[PDB]
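Enquirer: this one's structure only:
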């Protein structure tokens, strides 16, 4: 049933979800992608649009909404209870969301198959994200755009 469901959200989640409950990377296997300019966590998805693994003390990439919510004309994505308010609004070509709360920025590239790559740059390195023109962003909108 395809409804014309346009849910107007406030910049907070509708339900209080239980964060992840998934293992934590001890920094090695997927860390190789996180060490790319010293970001704090990167989440890789599967070609179907499901997560491979998210590694941020239970950060809940619900791939389906993580990829979908950006297509809701929303300049704020609220995942894991945090409203990432967009710096740059580019659908598909990577969007940069501000952790309006918490402090930081989530950058997600969207391969049109479901696979999205969200990276997050440290709150300490936040002043550095945006200092070079495309420091961390280059690792995202290039790689996951080709790998679809």
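Expert: Everything's here; your move. Numbers count the residues shown, from 1 in each chain.
Enquirer: and the closest residue to residue 71 other than its chain neighbours, how many residues sit next to it?
Expert: Once flanking residues are discounted, residue 71 sits nearest to residue 91: 6.8 Å by C-beta to C-beta, 6 or more residues apart in numbering. Quick note: C-beta positions are derived from backbone N, CA and C, even for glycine. For residue 91, the neighbour count with other C-beta atoms under 10 Å is 10.
Enquirer: State the distance from the residue most central in space within the chain to residue 6.
Expert: The residue lying closest to the centre of the chain (C-alpha atoms, centre = their mean) is residue 118, at 3.5 Å. Residue 118 sits 24 Å away from residue 6, going by C-beta to C-beta, to the nearest Å.
Enquirer: Could you list every helix and strand in contact with the longest helix seen in the chain?
Expert: When every helix of the chain is counted residue by residue (DSSP state H), the longest turns out to be helix 63-68. Helices and strands touching helix 63-68, by 3 or more C-beta pairs under 8 Å, 6 or more residues apart in numbering; DSSP states H and E, are strand 76-79, strand 116-121.
Enquirer: List the strands paired with the shortest one, with their directions.
Expert: Going back to what we said before, that points to strand 76-79. strand 82-88 (antiparallel) (DSSP bridges).
Enquirer: quick one on the thing from earlier: tell me the most buried of the helices and strands packed on helix 63-68?
Expert: Among the helices and strands packed on helix 63-68, strand 116-121 has the highest mean neighbour count (mean count of other C-beta atoms under 10 Å), at a mean of 26.
Enquirer: Okay then, goodbye and thanks.
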